Amino acid sequence: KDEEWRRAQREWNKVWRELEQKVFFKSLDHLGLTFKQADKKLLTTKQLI
DNA sequence: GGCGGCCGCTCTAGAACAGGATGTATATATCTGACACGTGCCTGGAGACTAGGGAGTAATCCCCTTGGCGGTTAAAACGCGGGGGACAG
């Protein structure tokens, strides 16, 4: 059971690390994820007046 | 001495309780009539073979629905007045 468990963990590790590499920096960004709409919502005319 | 208040007597009666009534649920006796087992086939699918063609998969592409916003006038919702109708009788 440990042998097959370690083998399955090893074959999980590559795809798991590949997903983590692209999802961790997305998880770090909080305001930048909503900045695609915040930069248009807060930067208008009437907001500036 | 007369009259209002209080309590006992008596008529009325609401509704639970017991007995009669009639159509079914059961307790055998026996018929009975299809039910399933056996037999004899015999007719339809399975092993095996020939050939092929429409989808799984891969690729493209372009398309089209979701997210995501201001805007503004149409309207949902809250509330006041009230009005006619569902239901109790």
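Thresholds, definitions, all that
Residues numbered from 1 in each chain as written, not as in the entry; some residues may be left out. Chains lettered and ligands numbered in written order. Part of a larger assembly, values for the part shown. Heavy atoms only, no water. Helix = DSSP H or I, 4+ residues; strand = E, 2+ residues; numbered from the N terminus. Buried < 20%, exposed > 50% of the residue type's maximum accessible area, 1.4 Å probe, protein only. Areas by Shrake-Rupley, 256 points an atom, 1.4 Å probe, with all protein chains shown as cover. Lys, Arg positive; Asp, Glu negative; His and termini not counted. Charge placed at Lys NZ, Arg CZ, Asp CG, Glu CD. Salt bridge = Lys/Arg side-chain N within 4 Å of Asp/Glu carboxyl O. Near = heavy atom within 4 Å. Polar contact = N/O pair within 3.5 Å; in protein donor to acceptor, adjacent residues only side chain to side chain. Nonpolar A, V, L, I, M, F, W, Y, C, P; charged D, E, K, R; others polar.

The deposited coordinates derive from cryo-EM, with the record listing a resolution of 3.07 Å.

In the annotation of the PDB entry, chain A is listed under the name Transcriptional regulatory protein SIN3 and assigned to Saccharomyces cerevisiae.

K.L.:
Please explain the overall build of chain A as it appears in this structure.
P.N.:
Along chain A, the regular secondary structure elements total two helices and zero strands. Dimensions of chain A, computed from the C-alpha atoms along their principal axes, are close to 70 × 15 × 10 Å. In chain A, which comprises 49 residues, the share counted as buried stands at 2%. Counting every atom, chain A has about 5500 Å² of accessible surface; 59% of that belongs to carbon and sulfur. Where the 12 positive side-chain charges of chain A centre and where its 8 negative ones centre are 8 Å apart.

K.L.:
What is the right way to look at the pattern of salt bridges in this model?
P.N.:
Side-chain pairs of opposite charge can arise where the charged atoms are in close proximity. Throughout the structure, instances matching the rule amount to one salt bridge. One salt bridge connects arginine 7 with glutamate 3, and the closest N-O pair in it is separated by 3.1 Å. With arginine 7 and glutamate 3 both in helix α1 (residues 2-28), this residue pair falls four residues apart, about one helical turn. In this structure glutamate 3 comes out as exposed when scored by relative accessible area, which is 56%.

K.L.:
Sorry if this is basic, but what is going on with the protein's contact with DNA strand B here?
P.N.:
Close to DNA strand B lie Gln37, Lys40, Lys41 and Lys46. Each atom of DNA strand B within 4 Å of the protein belongs either to a base or to sugar and phosphate, the latter forming 100%. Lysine 40 is positioned such that a nitrogen or oxygen atom in its side chain is 2.9 Å from a sugar or linking oxygen of DNA strand B. Of the residues that constitute the surface near DNA strand B, the class distribution is no nonpolar, one polar and three charged.

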